[PDB]
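Next comes run.pdb, with PDB, C-alpha atoms.
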```
ATOM      1  CA  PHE A   1     -26.169  30.096 -45.450
ATOM      2  CA  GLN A   2     -26.169  32.398 -48.429
ATOM      3  CA  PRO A   3     -25.797  36.202 -48.040
ATOM      4  CA  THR A   4     -29.388  37.079 -48.988
ATOM      5  CA  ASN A   5     -31.166  34.667 -46.608
ATOM      6  CA  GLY A   6     -33.853  35.789 -44.242
ATOM      7  CA  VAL A   7     -33.028  36.907 -40.723
ATOM      8  CA  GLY A   8     -34.296  33.546 -39.481
ATOM      9  CA  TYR A   9     -31.457  31.814 -41.373
ATOM     10  CA  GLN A  10     -28.915  34.578 -40.965
ATOM     11  CA  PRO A  11     -25.859  33.694 -38.805
ATOM     12  CA  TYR A  12     -25.530  35.264 -35.426
ATOM     13  CA  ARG A  13     -22.166  34.607 -33.972
ATOM     14  CA  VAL A  14     -22.104  34.230 -30.196
ATOM     15  CA  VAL A  15     -19.461  34.610 -27.499
ATOM     16  CA  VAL A  16     -21.157  33.709 -24.212
ATOM     17  CA  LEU A  17     -18.963  34.912 -21.328
ATOM     18  CA  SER A  18     -19.493  32.517 -18.423
ATOM     19  CA  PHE A  19     -18.297  34.539 -15.441
ATOM     20  CA  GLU A  20     -17.415  32.314 -12.443
ATOM     21  CA  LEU A  21     -18.198  33.855  -9.061
ATOM     22  CA  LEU A  22     -17.082  30.944  -6.857
ATOM     23  CA  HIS A  23     -15.060  31.824  -3.752
ATOM     24  CA  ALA A  24     -11.301  31.502  -4.450
ATOM     25  CA  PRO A  25      -8.353  33.645  -5.669
ATOM     26  CA  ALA A  26      -9.538  36.067  -8.346
ATOM     27  CA  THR A  27      -7.332  36.904 -11.315
ATOM     28  CA  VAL A  28      -9.534  38.457 -14.012
ATOM     29  CA  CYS A  29     -10.650  41.898 -12.816
ATOM     30  CA  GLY A  30     -12.266  45.192 -13.682
ATOM     31  CA  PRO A  31     -10.215  48.161 -14.906
ATOM     32  CA  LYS A  32     -10.744  50.052 -11.647
ATOM     33  CA  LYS A  33      -7.813  51.837 -10.032
ATOM     34  CA  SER A  34      -6.713  50.999  -6.500
ATOM     35  CA  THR A  35      -6.248  53.432  -3.612
ATOM     36  CA  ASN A  36      -4.131  53.389  -0.474
ATOM     37  CA  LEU A  37      -5.232  51.105   2.352
ATOM     38  CA  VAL A  38      -6.762  52.946   5.325
ATOM     39  CA  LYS A  39      -7.005  51.195   8.704
ATOM     40  CA  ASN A  40      -8.863  51.993  11.933
ATOM     41  CA  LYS A  41     -11.369  54.213  10.095
ATOM     42  CA  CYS A  42     -14.888  53.845   8.725
ATOM     43  CA  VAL A  43     -14.438  53.312   4.982
ATOM     44  CA  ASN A  44     -16.191  51.854   1.963
ATOM     45  CA  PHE A  45     -13.988  48.969   0.871
ATOM     46  CA  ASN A  46     -13.724  46.800  -2.238
ATOM     47  CA  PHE A  47     -11.263  43.895  -1.837
ATOM     48  CA  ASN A  48     -10.966  41.911  -5.084
ATOM     49  CA  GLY A  49     -14.729  42.125  -5.658
TER      50      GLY A  49
ATOM     51  CA  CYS B   1       7.327   1.400 -25.148
ATOM     52  CA  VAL B   2       8.407  -1.885 -23.600
ATOM     53  CA  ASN B   3       5.960  -4.420 -22.138
ATOM     54  CA  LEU B   4       7.240  -5.879 -18.851
ATOM     55  CA  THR B   5       5.867  -9.407 -18.360
ATOM     56  CA  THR B   6       7.839 -10.815 -15.375
ATOM     57  CA  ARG B   7       5.111 -10.149 -12.793
ATOM     58  CA  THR B   8       3.424 -12.498 -10.314
ATOM     59  CA  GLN B   9      -0.401 -12.571 -10.463
ATOM     60  CA  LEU B  10      -2.003 -12.565  -6.966
ATOM     61  CA  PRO B  11      -5.419 -11.155  -5.915
ATOM     62  CA  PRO B  12      -5.745  -7.634  -4.435
ATOM     63  CA  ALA B  13      -5.345  -7.102  -0.697
ATOM     64  CA  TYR B  14      -7.645  -4.912   1.438
ATOM     65  CA  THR B  15      -7.193  -2.820   4.600
ATOM     66  CA  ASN B  16      -9.106  -0.350   6.813
ATOM     67  CA  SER B  17      -9.161   3.398   6.017
ATOM     68  CA  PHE B  18      -9.772   4.461   9.655
ATOM     69  CA  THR B  19     -10.375   8.283   9.575
ATOM     70  CA  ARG B  20      -8.090   9.363   6.720
ATOM     71  CA  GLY B  21      -9.062  11.195   3.545
ATOM     72  CA  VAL B  22     -10.592  14.392   4.958
ATOM     73  CA  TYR B  23      -9.718  17.555   3.016
ATOM     74  CA  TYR B  24     -10.430  21.259   3.058
ATOM     75  CA  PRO B  25     -13.638  21.468   0.958
ATOM     76  CA  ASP B  26     -13.250  25.182   0.101
ATOM     77  CA  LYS B  27     -11.000  28.275  -0.026
ATOM     78  CA  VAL B  28     -12.686  30.441   2.681
ATOM     79  CA  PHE B  29     -11.356  30.935   6.215
ATOM     80  CA  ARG B  30     -13.675  30.043   9.066
ATOM     81  CA  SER B  31     -12.925  29.163  12.670
ATOM     82  CA  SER B  32     -14.641  27.909  15.818
ATOM     83  CA  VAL B  33     -17.590  26.685  13.733
ATOM     84  CA  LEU B  34     -19.013  23.346  12.643
ATOM     85  CA  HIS B  35     -19.813  23.341   8.924
ATOM     86  CA  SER B  36     -22.010  20.753   7.214
TER      87      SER B  36
END
```
Take the structure from the file and write it as structure tokens.
Amino acid sequence: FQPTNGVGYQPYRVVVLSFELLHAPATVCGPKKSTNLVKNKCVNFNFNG
Amino acid sequence: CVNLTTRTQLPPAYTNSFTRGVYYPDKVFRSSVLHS
């Protein structure tokens, strides 16, 4: 590569993020904030995804 | 490292595994089911 090459020969860096959705303990997470746990009531829940 | 050479050379022995070697294949709780 030289700076003035055509877009065909221009470098495109890549950082593929291979997200693993297998069933197991989950450590990497979204920035969402947690709320208090509510029991014995109809709720919309999100437990670690 | 030190190479230990004072060892008798006999052929391998064999035995019967019976029903050992079964493990939990996954990390999900299930009960009163048969899973293939």
Test item: residues at most 10 Å from residue 27 (chain B), only C-alpha atoms, excluding those fewer than 6 positions along its chain, as a ChimeraX atom specification: /A:22-25
Which of B:3, B:15, B:32, B:25 sits closest to chain A [using only C-alpha atoms]: B:25
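Using only C-alpha atoms, the nearest neighbour of chain B within the list A:16, A:37, A:43, A:26 is A:26.
Atom pair CA of residue 36 (chain A) / CA of residue 20 (chain A) has a distance of 27.6 Å (rounded to one decimal).
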How big is the axis-aligned box, and where does its centre sit, when it encloses all atoms of region 21-36 of chain A listed in the file and has 4 Å added on every side, reported in Å to one decimal as JSON?
```
{"center_x": -11.2, "center_y": 42.2, "center_z": -7.7, "size_x": 22.1, "size_y": 30.5, "size_z": 22.4}
```
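With CA of residue 14 (chain A) on one side and CA of residue 31 (chain A) on the other, the separation reads 23.9 Å.
Of note, CA of residue 39 (chain A) and CA of residue 33 (chain B) are spaced 27.2 Å apart.
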